Peer 1: 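Pasting a structure below so you can have a look.
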Amino acid sequence: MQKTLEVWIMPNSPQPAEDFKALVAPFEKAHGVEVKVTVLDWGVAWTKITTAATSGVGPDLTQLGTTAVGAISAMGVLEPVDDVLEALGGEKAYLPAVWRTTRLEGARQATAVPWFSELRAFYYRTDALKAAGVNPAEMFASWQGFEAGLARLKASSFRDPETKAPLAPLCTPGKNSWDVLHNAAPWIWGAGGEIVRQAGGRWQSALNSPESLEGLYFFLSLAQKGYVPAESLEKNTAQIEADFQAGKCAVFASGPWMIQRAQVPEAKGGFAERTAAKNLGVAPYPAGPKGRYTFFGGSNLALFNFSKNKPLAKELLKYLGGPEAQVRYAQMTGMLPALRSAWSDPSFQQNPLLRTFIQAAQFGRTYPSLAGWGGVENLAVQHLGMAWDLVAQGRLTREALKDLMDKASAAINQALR
Ligand SMILES: OC[C@H]1O[C@@H](OC[C@H]2O[C@@H](O)[C@H](O)[C@@H](O)[C@@H]2O)[C@H](O)[C@@H](O)[C@@H]1O
Ligand SMILES: O=S([O-])[O-]
């Protein structure tokens with residue numbers, strides 16, 4: 001007799017199903033319904049979602065990554081959710097970058113409800129910067145400051161108290177990570193570039209624009225100038241997080257989840273005992289030639305238009321999208337709320353590192369919600385990876401980067417036709 005809603009999620013928190021069921025238990029009691037959650041392993045999440053969309057067999061609600069909204073929306077399989085967004089405060093309730101992820105680009109109606117936001121900022125070793133005579137305020141004020149700070153960090157005599165070795169100035173992945181384009185995007189944007197741009201109602205690559213090439217080379221060249229260890233370029237973001245925790249890196253970019261890890265003993269997967277946890281700072285990405293930008297991703301929630309339970313599903317979207325559940329689930333995931341009013345909650349404001357992430361959040365920017373986004377990103381990342389391979393050999397020239405981005409741009413433009 002009790003009605004059920006089926007919800008698909010990805011592994012967003014340490015106990016994905018149990019955490020999600022705790023989160024919705026008050027909703028279940030209030031409506032007299034049961035929520036049946038299925039956790040889609042990141043290895044299979046996108047294929048399961050695509051099959052639901054083509055077969056018309058699947059859950060009531062699914063999590064969608066922000067960059068997937070366009071593709072699933074373009075299939076015509078998602079219920080409009082303008083009513084839910086208006087209930088939560090409408091366009092003004094969201095950072096504009098997050099609002100853009102509610103619909104296919106150009107669409108009249110919203111098809112996704114923002115759930116949580118992934119953003120990246122720079123963690124740094126407060127002990128290392130102090131030793132190097134680098135002030136964070138100045139290092140993160142400008143690209144020129146940022147590179148000058150890395151130069152000072154490379155020259156510094158400072159040794160980690162546990163490793164007994166100097167720190168790498170900057171650690172970053174290259175091509176062997178899920179977030180190759182995301183790591184590049186703030187540098188593209190800060191120079192005045194873009195991955196794709198709309199001209200005359202038509203989307204084309206801008207990776208080979210002068211401004212994109214300026215930002216890309218600024219970032220990639222740090223590794224050829226000695227500021228990034230060759231071994232970092234073999235690794236993914238999770239491995240670079242481990243190197244920072246281990247005291248091997250003065251500066252590296254990640255999300256807000258590292259702050260919770262810094263409070264958790266090493267025996268439970270954290271790094272509380274390590275020098276890095278006791279000497280931890282955060283700064284936003286440095287202001288570039290045209291602007292300061294912070295990468296945003298994360299996930300939204302969508303309702304399949306073949307659902308038999310649309311009213312109750314939209315009540316659950318309002319609950320998950322709304323203030324109380326936004327704060328609770330951002331804490332569980334180590335993410336930031338998608339609902340901007342939640343950024344003022346004391347769970348963010350009481351922690352200095354989370355306050356800096358809130359500062360970084362106001363500069364947020366995301367990719368356009370294109371149906372063809374995955375093709376764009378895939379072709380961009382293949383060519384950026386060839387650029388990272390030249391970096392690893394010290395052979396990335398300006399001209400070599402332009403050749404690779406022209407090749408990427410030709411392939412992207414063909415894909416978008
Ligand atoms: O798939 C597109 C989707 O990806 C989202 O990130 C997923 C990412 O999460 C990491 O923690 C995990 O280690 C990776 O294996 C996994 O791919 C992203 O934030 C969304 O914006 C994006 O659309
Ligand atoms: O098109 S400009 O805003 O990146």
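Atoms within a ligand are numbered from 1 in the order they appear, just like the ligands themselves. Sequence positions, counted from 1, serve as the residue numbers for this chain. Atoms considered below: every heavy atom in the structure, side chains included; atoms not considered: hydrogens, waters and symmetry mates.
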Peer 1: Evaluate the ring planes of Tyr123 and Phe252, with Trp represented by its six-membered ring, and classify them as parallel (under 30°), tilted (30 to 60°) or perpendicular (over 60°).
Peer 2: parallel
Peer 1: Which residue owns the protein heavy atom closest to atom 2 (C) of ligand 1, what's the atom, and how far is it?
Peer 2: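 Residue, atom and distance for the closest contact: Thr67 OG1, 3.5 Å.
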Peer 1: What protein heavy atom lies closest to atom 20 (C) of ligand 1? Include the residue and the distance to one decimal.
Peer 2: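 Among all protein heavy atoms, the one nearest atom 20 (C) of ligand 1 is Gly298 O, 3.1 Å.
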Peer 1: Does this structure show an ion pair linking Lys318 with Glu315, if we count only N-O contacts that are shorter than 4.0 Å?
Peer 2: yes
Peer 1: As a test of the contact definition, would atom 23 (O) of ligand 1 count as having a protein heavy-atom neighbour under 4.0 Å?
Peer 2: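 Looking at atom 23 (O) of ligand 1, one finds that a protein heavy atom does lie closer than 4.0 Å.
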Peer 1: Taking C-beta and beyond as the side chain, do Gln109 and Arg103 meet within less than 4.5 Å on heavy atoms?
Peer 2: no
Peer 1: How many angstroms lie between CG in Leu119 and CD in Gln362, if you round to the nearest 0.5 Å?
Peer 2: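 Reported value, rounded in 0.5 Å steps: 12.0 Å.
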Peer 1: So, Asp160 and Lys248, do they make that salt bridge, N to O below 4.0 Å?
Peer 2: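 Salt bridge flag = no for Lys248 with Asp160.
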Peer 1: For atom 3 (O) of ligand 2, state which one of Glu211, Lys290, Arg365, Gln198 supplies the nearest heavy atom.
Peer 2: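 Looking at heavy atoms only, the winner is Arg365.
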Peer 1: May I ask which of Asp41, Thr333, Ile49, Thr66 has a heavy atom nearer to atom 21 (O) of ligand 1 than the others do?
Peer 2: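 Heavy atom nearest to atom 21 (O) of ligand 1 belongs to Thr66.
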Peer 1: Between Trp178, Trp257, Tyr367, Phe116, which one has a non-hydrogen atom sitting closest to atom 13 (O) of ligand 1?
Peer 2: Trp178
Peer 1: Parallel under 30°, tilted from 30 to 60°, perpendicular over 60°: which one fits the rings of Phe219 and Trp187?
Peer 2: parallel
Peer 1: Under 4.0 Å from a heavy atom of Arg197: give me the atoms of ligand 2 that qualify, with their elements.
Peer 2: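 Under 4.0 Å from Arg197, ligand 2 has these atoms: 1 (O), 2 (S), 4 (O).
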Peer 1: Between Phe296, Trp373, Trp46, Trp42, flag the one that comes closest to atom 1 (O) of ligand 1 by a heavy atom.
Peer 2: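 Of the listed residues, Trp42 has the closest heavy atom.
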Peer 1: Using a strict cut-off of 4.0 Å, indicate which atoms of ligand 2 neighbour a heavy atom of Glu194.
Peer 2: 4 (O)
